[PDB]
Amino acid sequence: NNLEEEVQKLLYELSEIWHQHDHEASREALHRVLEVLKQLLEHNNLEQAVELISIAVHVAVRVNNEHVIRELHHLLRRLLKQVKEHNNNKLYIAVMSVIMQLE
């Protein structure tokens, strides 16, 4: 399945950036993930958006990319709205935990 495979690759890329403190790789990877998150939200792929935004938050905080942090605040706003409208209690708590880690 092309979408799951690609999300899994994006998660791996960001995970390796986080473990290696790879500041050089991070800016390109974070901008890409920001665009993927917006698509995922548009197509109501909320499970995958939650797993990707969590590792995106970890990386953005670790490398202190203040622009991406600001963008992630907005995407978290939208994601929380969308998980609440779909009444998904497990996703709600996951998004809250990410919000608490970004803050």
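When you see a residue number, it is the position in the sequence shown, counting from 1.
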Taking the mean of the C-alpha B-factors per stretch from the entry, tell me the winner out of 82-90 and 13-21.
82-90
If you average the CA temperature factors as listed in the entry, which stretch comes out higher, 23-31 or 71-79?
23-31
Residue 44's Cα B-factor: lowest, middle or highest third of the chain?
highest
Tell me, lowest, middle or highest third: where does the Cα B factor of residue 8 rank within its chain?
middle
